[PDB]
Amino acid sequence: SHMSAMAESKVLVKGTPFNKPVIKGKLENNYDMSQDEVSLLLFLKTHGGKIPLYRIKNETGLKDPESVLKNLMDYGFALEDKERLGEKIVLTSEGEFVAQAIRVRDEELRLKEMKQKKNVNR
């Protein structure tokens, strides 16, 4: 009942040289992730896609960081690289893909809104 308690994978097809990854859900709805999950995914992306677990506990502002992280792992976006003297959390290639897609969408919106304040259209 351990594997059945897990959330469903969002990785349909992992990326390879001849294909982009196919992710369940759509970017417009953050691939069905809740906001806490999106926040954590972007936090991981912002810190190089690799970071000690204790930093996640201390720095994200989440009440239950481990639960949020386990969902990202179940989705196929992150994994544990446990090693001598502590565990390291790393984004998978699919997690990097999704994190970057969301970051770019967010930035395009920020740029659009910035351009509306004063016309400097080239």
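Residue numbers here begin at 1 and follow the sequence given.
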| query | Mean C-alpha B factor from the entry: is it higher for 39-47 or for 76-84? | reply | 76-84
| query | Going by the B-factors listed in the PDB entry, is the mean over the C-alpha atoms higher for 85-93 or for 60-68? | reply | 85-93
| message | Going by the CA temperature factor in the PDB record, which third of the chain does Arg110 belong to: lowest, middle or highest? | response | middle
| query | When the modelled residues of the chain are sorted by Cα temperature factor, does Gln100 land in the lowest, middle or highest third? | reply | middle
